[PDB]
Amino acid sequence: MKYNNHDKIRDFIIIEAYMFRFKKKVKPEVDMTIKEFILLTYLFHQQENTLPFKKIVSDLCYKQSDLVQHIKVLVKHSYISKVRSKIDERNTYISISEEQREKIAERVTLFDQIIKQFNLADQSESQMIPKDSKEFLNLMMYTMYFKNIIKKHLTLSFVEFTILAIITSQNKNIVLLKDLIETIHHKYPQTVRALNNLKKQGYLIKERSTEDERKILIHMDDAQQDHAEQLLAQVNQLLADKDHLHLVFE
């Protein structure tokens, strides 16, 4: 009861789910945020001992407003220092001394270990999963990139799209709502609302059994299958030849 296709959409679904599990287990046990670990990973992997802030804003998928504070946190904690631009004085440059690059390196080595240990304790079934900080960074950026594309070219949310894709790969087979909810990382509220909107718009059928009214059946008829197919096809095109798993490094 999974996404039965080996395209880039499958990549997103797998990674998005992995990131959910990772966050769930790690965020409570560690005081440094995941975004903070990713910023440090980025900063570690690049030669200049000094860079323009706008370079970080452009290289990663985070909005600038979501970076300003974590830079402050990283600064406050001596991982980096900030210098004002001598040209457009409203701009900023981040500097990394030999002493700071060392504090960063150890911190990224810790992240490497956290990822490794998580993978060992996790149902690491797929080969997709990040193996170290650099890979984690890239795959995390892919989920953000995938999501931006969804809201730019479609009217559906990324959750509704996930659900549509999963059901579409069932080739007309009937799926039970509770089997669907059990298989995905998304919770009941979000899932049901996604299905109700998908039904309403006409993407799929959501009906109840007539003898065992307890079961909620989800599936698509010929027409709907066809449309969904085209749709998954368009999206896969949009993500075509982009080195989606290496948007930042390598």
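Each residue number is its position in the shown sequence, starting from 1.
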Query raised in the report: What stretch has the higher average Cα B-factor here, 81-89 or 112-120?
Result: 81-89
Report task. Taking the mean of the C-alpha B-factors per stretch from the entry, tell me the winner out of 125-133 and 152-160. Result -> 125-133
Query raised in the report: Ranked by Cα temperature factor within the chain, is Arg101 in the lowest third, the middle third or the highest third?
Result: highest
Report summary line: Split the chain's modelled residues into thirds by Cα B-factor; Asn171 lands in the highest
Query - Assigned third (lowest, middle, highest) for the C-alpha B factor of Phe37 - result: lowest
Requested in this report: Would you check the entry's CA temperature factor for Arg107 and let me know if it's in the chain's lowest, middle or highest third?
Outcome: middle
Query raised in the report: By the record's CA B-factor, is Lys147 among the lowest, middle or highest third of residues in the chain?
Result: lowest
